[PDB]
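Read through the structure below, which is laid out as structure tokens, and then see the notes.
Number of protein chains: 2
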Amino acid sequence: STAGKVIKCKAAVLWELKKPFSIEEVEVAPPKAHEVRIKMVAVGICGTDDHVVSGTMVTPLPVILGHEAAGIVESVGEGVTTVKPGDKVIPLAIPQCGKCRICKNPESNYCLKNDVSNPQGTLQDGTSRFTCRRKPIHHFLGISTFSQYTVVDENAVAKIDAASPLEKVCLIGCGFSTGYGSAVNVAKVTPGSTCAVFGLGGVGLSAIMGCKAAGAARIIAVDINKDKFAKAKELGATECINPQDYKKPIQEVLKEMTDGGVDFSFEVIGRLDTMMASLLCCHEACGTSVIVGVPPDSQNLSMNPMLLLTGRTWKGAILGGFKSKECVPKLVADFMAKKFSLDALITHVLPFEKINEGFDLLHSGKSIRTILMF
Amino acid sequence: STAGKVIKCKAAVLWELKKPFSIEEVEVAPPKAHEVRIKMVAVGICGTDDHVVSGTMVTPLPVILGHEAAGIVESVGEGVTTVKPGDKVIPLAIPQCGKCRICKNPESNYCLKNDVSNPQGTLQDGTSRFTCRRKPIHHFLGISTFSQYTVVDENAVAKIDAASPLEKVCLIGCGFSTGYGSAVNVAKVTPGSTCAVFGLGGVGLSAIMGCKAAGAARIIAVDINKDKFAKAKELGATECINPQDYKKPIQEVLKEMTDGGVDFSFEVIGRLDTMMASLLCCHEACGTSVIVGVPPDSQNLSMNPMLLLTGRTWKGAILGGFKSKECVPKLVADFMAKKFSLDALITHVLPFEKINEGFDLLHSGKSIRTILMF
Ligand SMILES: NC(=O)c1ccc[n+]([C@@H]2O[C@H](COP(=O)([O-])OP(=O)(O)OC[C@H]3O[C@@H](n4cnc5c(N)ncnc54)[C@H](O)[C@@H]3O)[C@@H](O)[C@H]2O)c1
Ligand SMILES: NC(=O)c1ccc[n+]([C@@H]2O[C@H](COP(=O)([O-])OP(=O)(O)OC[C@H]3O[C@@H](n4cnc5c(N)ncnc54)[C@H](O)[C@@H]3O)[C@@H](O)[C@H]2O)c1
Ligand SMILES: [Zn+2]
Ligand SMILES: [Zn+2]
Ligand SMILES: [Zn+2]
Ligand SMILES: [Zn+2]
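Sequence lines, in order, name chains B and A. At the far end of the first sequence sits residue 374, using PDB author numbering, and the numbering has no gaps. At the far end of the second sequence sits residue 374, using PDB author numbering, and the numbering has no gaps.
Listed below in structure tokens is the structure:
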């Protein structure tokens with residue numbers, strides 16, 4: 001008898017920047033018209049959540065983060081039609097209202113209802129459903145999945161296969177889809193081409209997978225943490241190199257081993273230097289570089305337009321260019337059909353309450369993707 | 001009678017920066033192995049030529065500029081097979097050696113024998129054929145066409161139709177091709193799309209032509225010089241706007257008149273502010289911005305990677321992505337077949353000796369393209 005009533009559960013709240021998550025008792029208000037309340041089951045730790053912690057990604061505080069999750073619908077608000085109580089769903093970091101210029105554009109996914117452009121830390125109606133210590137807590141990416149119970153908007157949640165292993169498919173909510181899509185959709189890696197992926201975390205590795213599926217001949221993985229090279233090779237990388245083992249700049253290294261540069265480069269870290277390096281390593285006359293990593297807020301790049309005049313294409317994308325609510329269930333369907341494996345990405349599992357340990361694991365470089373089970 | 005002997009003629013020499021061309025007598029050495037000596041007939045004044053004069057584009061001085069021309073082959077050096085004495089030809093500012101990684105890549109045109117990346121001011125063998133005041137004069141883009149006679153490398157000259165009107169087709173050597181190609185090949189303007197073209201010079205207007213040819217629904221021409229608007233509209237622009245007539249940034253203006261941005265934006269001026277505004281005016285989620293205009297040397301752009309993260313493609317090209325030796329004769333064939341008209345581009349004609357007047361016309365904005373006849 002929770003429907004229509006305020007739920008009292010636990011969530012990881014971030015009260016201040018650069019501090020540990022505080023597991024506290026919060027209050028989830030029941031879903032409003034066209035909103036959905038979800039009981040979380042599993043949530044992965046993505047670099048993006050870390051960025052907000054470090055103040056790298058600006059978003060209102062206090063807030064409950066988390067965005068790469070999967071759970072069960074507890075209760076539906078007035079007017080919901082796409083999902084109902086008991087449904088296995090994956091909340092979406094980028095929604096699909098289906099009524100905006102972009103949603104109606106078959107080749108784009110950055111819906112206007114997104115809370116990325118101008119982070120408000122609220123649901124689409126401009127209000128919050130969270131309270132903790134008699135104070136309203138903000139939402140994150142409209143979904144806030146670092147909670148046992150979360151109220152999202154109907155267009156920011158996809159109904160998925162009822163037989164879906166929620167502890168694995170949560171990764172399709174952000175990580176896997178982003179990396180894989182970046183290579184398939186965005187870059188459109190062509191068969192026999194040479195690729196370079198900077199960053200071997202969950203998203204980067206997925207990107208190598210995408211490059212492999214796309215039929216790339218050479219897939220060079222780049223990372224300062226050599227302990228990630230094993231997984232890289234496993235997932236499709238033909239060779240892994242470390243920037244620190246070289247005297248010359250990494251881009252000059254990549255150009256040397258590839259006759260002037262790769263056909264496609266990806267930056268899946270979130271740093272300006274590596275974004276410049278990635279762009280610089282693709283051939284000046286035919287290269288395509290894709291920015292996947294999210295850089296620190298307000299830091300700007302300094303670039304010479306001649307880098308593009310010669311013949312390069314520089315582009316970016318969120319969620320790998322997949323229209324969220326529409327493609328997510330399709331990707332889940334593909335997973336259940338043995339199209340791809342997510343096991344390699346998952347290295348650690350921990351109960352939600354040990355959330356801070358998951359972030360420690362990320363900072364140490366021992367983990368790729370850690371799943372928090374509620 | 002001139003074959004194998006040094007020819008003495010007149011050329012427009014630039015001895016110093018920010019100074020007038022000095023019409024002096026020069027010595028053109030006969031063509032060496034795989035070289036072609038051409039008697040010029042007509043040459044157009046392109047903004048790139050002006051850039052070198054102002055020191056905005058760095059290249060070795062003293063130098064003989066000119067790169068958008070047409071003439072007749074006077075003689076060929078040992079081993080030439082592609083052209084011969086008496087043939088109408090167009091020298092190529094970007095050669096097509098046909099033996100480099102890029103010449104072999106059917107989708108790229110920036111051949112390695114180009115003298116843009118690391119300007120030497122010499123022919124491909126690293127030497128020069130020009131002497132003036134008993135001093136070695138440098139070449140420009142390997143063709144140096146502001147001279148009655150010039151020696152170029154075989155791979156930097158294309159044989160064209162014998163009936164080709166040289167006083168018009170010279171624009172196909174740089175101006176027209178660059179603008180048209182940017183719209184067709186590079187950007188790949190789609191039918192029913194909305195474009196924005198910054199810069200209504202000969203190159204920008206050709207871009208507009210390309211957009212109309214590609215099937216764009218809306219074509220917004222931007223320029224500070226309103227006297228260009230008539231030609232812009234004549235060539236295909238649906239509307240013309242001047243940045244100076246508004247209070248807010250031109251990109252904010254364009255985004256407002258196009259529901260958030262254009263599908264394709266083109267910068268054909270050569271300034272950092274317009275390159276940033278052009279990128280900004282295309283839709284954040286589906287926009288494609290092409291850099292056509294060459295910015296001042298060493299000046300760097302300051303840009304937030306987030307502008308691409310949302311879903312924008314940024315790219316650039318030289319010669320509109322056309323493989324020079326290959327495509328040039330094809331475009332000439334297209335012209336002879338009435339596929340397109342060049343007349344509109346040509347606003348003034350002057351004899352070679354009055355070269356400085358041409359640059360005066362440019363600086364005043366009364367001219368689009370001025371053709372110097374030898
Ligand atoms: N475009 C998107 O929609 C989208 C989606 C999800 C995540 N992201 C972003 O993608 C980026 C990567 O995410 P992640 O989840 O894979 O996180 P992650 O922290 O686990 O991976 C970072 C990886 O980069 C490596 N690395 C760090 N500095 C390096 C350097 N200087 N040179 C080479 N390698 C270095 C680290 O060792 C680690 O392997 C982050 O910025 C995240 O915010 C973007
Ligand atoms: N990529 C290439 O291969 C290639 C080839 C040829 C030329 N170009 C470059 O393209 C650019 C255009 O060449 P062009 O021959 O057509 O030059 P142009 O001087 O004839 O025209 C420049 C145009 O831009 C307009 N303009 C100048 N400042 C402006 C501003 N602040 N806002 C709006 N409009 C402004 C001028 O009024 C003029 O109409 C130059 O940089 C030239 O070097 C590039
Ligand atoms: Zn939408
Ligand atoms: Zn994420
Ligand atoms: Zn030019
Ligand atoms: Zn070549």
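Cβ coordinates follow ideal geometry from the N, Cα and C atoms, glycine included.
**Message:** Against A/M303, what residues of chain B qualify as contacts under a CB-to-CB distance less than 8 Å, listed in chain order?
**Reply:** In chain order: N300, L301, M303.
**Request:** Please name the residue, chosen from B/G66, B/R37, B/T310, that lies closest to B/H283 on a Cα-to-Cα basis.
**Result:** Residue B/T310 holds the alpha-carbon nearest to the alpha-carbon of B/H283 among B/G66, B/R37, B/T310.
**Asked** To which residues of the same chain is A/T258 closer than 6 Å at the C-beta, ignoring the five residues directly before and after it?
**Response** Within its own chain, the residues whose Cβ lies closer than 6 Å to the Cβ of A/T258, once the five positions on either side in sequence are excluded, are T194, listed in chain order.
**Prompt:** List, in order along the chain, the chain A residues whose C-beta lies closer than 7 Å to that of B/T56?
**Reply:** Per Cβ cutoff of 7 Å: no residues; B/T56 is ~12 Å from chain A at best.
**Request:** Tell me whether B/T150 is buried or exposed, calling it buried when 16 or more other Cβ atoms sit within 10 Å of its Cβ.
**Result:** Buried, by the Cβ-count rule.
**Asked** Taking a cut of 7 Å between CB atoms, which residues from the stretch 254-276 of chain A lie near chain B?
**Response** For the stretch 254-276 of chain A, the beta-carbon criterion of a distance under 7 Å to any beta-carbon of chain B is satisfied by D259, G260, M275.
**Asked** Which residue's Cα is closest to the Cα of B/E234: B/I208, B/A183, B/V222?
**Response** Out of B/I208, B/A183, B/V222, B/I208 has the C-alpha closest to the C-alpha of B/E234.
**Request:** Answer with yes or no whether the minimum CB distance from B/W314 to chain A is below 8 Å.
**Result:** At a cut-off of 8 Å between beta carbons, B/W314 contacts chain A.
**Message:** As a quick check of your reading: which residues have a C-beta less than 5 Å from at least one non-hydrogen atom of ligand 5, in chain order?
**Reply:** A residue is listed when its beta-carbon falls short of 5 Å from at least one non-hydrogen atom of ligand 5; in chain order these are A/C46, A/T48, A/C174.
**Item:** Sequence-distant residues of the same chain with beta carbon closer than 8 Å to A/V184, five excluded per side
**Value:** Closer than 8 Å at Cβ, skipping near neighbours: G210, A213, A214, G320.
**Prompt:** What first and last residue would you give for the beta strand (DSSP E) that runs through A/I7?
**Reply:** Segment 7-14, the beta strand (DSSP E) holding A/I7.
**Within the stretch 193-253 of chain A, ranges of the beta strand (DSSP E) (whole runs, at least 3 residues)** = Counting only runs of 3 or more, we get 194-198, 218-222, 239-241.
**Request:** Determine whether the Cβ of A/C286 lies closer than 8 Å to any Cβ atom of chain B.
**Result:** Nearest CB-CB separation between A/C286 and chain B: below the 8 Å threshold.
**Item:** Residue ranges of each beta strand (DSSP E) within the stretch 27-54 of chain A, 3 or longer
**Value:** List check, beta strand (DSSP E) in window: 35-44.
**Prompt:** Does any C-beta atom of chain A lie closer than 8 Å to the C-beta of B/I318?
**Reply:** Taking Cβ atoms only, chain A reaches closer than 8 Å to B/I318, which makes this a yes.
**Residues near A/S108 by beta carbon distance below 7 Å, same chain, minus five either side** = Correct list, in chain order: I102.
**Closest residue to B/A196 among B/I291, B/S265, B/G181 (Cα-Cα distance)** = Measuring from the Cα of B/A196, the nearest candidate turns out to be B/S265.
**Request:** Check whether the Cβ of B/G44 lies closer than 7 Å to any heavy atom of ligand 2, and answer yes or no.
**Result:** No, since every heavy atom of ligand 2 falls outside the 7 Å radius drawn around the Cβ of B/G44.
**Prompt:** Taking Cβ positions, are B/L141 and B/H51 nearer each other than 8 Å?
**Reply:** Going by C-beta atoms, B/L141 is not nearer than 8 Å to B/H51.
**Request:** Report yes or no: is there a C-beta of chain A within less than 8 Å of the C-beta of B/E239?
**Result:** Closer than 8 Å: no.
**Message:** So, at 7 Å on beta carbons, what are the nonlocal neighbours of B/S54 in its own chain, with the 5 sequence-adjacent residues on each side left out?
**Reply:** Hits under 7 Å: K18.
**Prompt:** Taking the continuous alpha helix (DSSP H) assigned at A/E326, which residues delimit it?
**Reply:** Per DSSP, A/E326 belongs to the alpha helix (DSSP H) from 324-336.
**Item:** Short CB-CB distance (under 8 Å) between A/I94 and chain B
**Value:** With 8 Å as the cut-off, A/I94 does not count as an interface residue toward chain B.
**Asked** Interface residues of chain A around B/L308 at Cβ under 7 Å?
**Response** Result: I291, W314, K315, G316.
**Prompt:** If we ignore side chains and look at the alpha-carbon of each, how far apart do A/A69 and A/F374 end up?
**Reply:** Their Cα atoms are separated by approximately 11 Å.
**Message:** Which same chain residues end up closer than 7 Å to A/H34 when comparing Cβ atoms and leaving out the 5 residues on each side of it in sequence?
**Reply:** Around A/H34: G77, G79, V80, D153, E154.
**Request:** Run the proximity test for B/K113: is its beta-carbon closer than 7 Å to any non-hydrogen atom belonging to ligand 3?
**Result:** Yes; taking the cut-off as 7 Å, the Cβ of B/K113 has a heavy atom of ligand 3 nearer than that.
**Request:** Note down, one range per segment and in chain order, each beta strand (DSSP E) of at least 3 residues found wholly within the stretch 143-181 of chain B.
**Result:** Runs found: 149-153, 157-159.
**Message:** Any beta carbon of chain B sitting closer than 8 Å to that of A/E154?
**Reply:** The beta carbon of A/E154 does not come within 8 Å of any beta carbon belonging to chain B, so the residue lies off that interface.
**Within chain B, partners of A/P295 - CB distance below 9 Å** = Residues of chain B passing the Cβ test: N304, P305, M306, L309.
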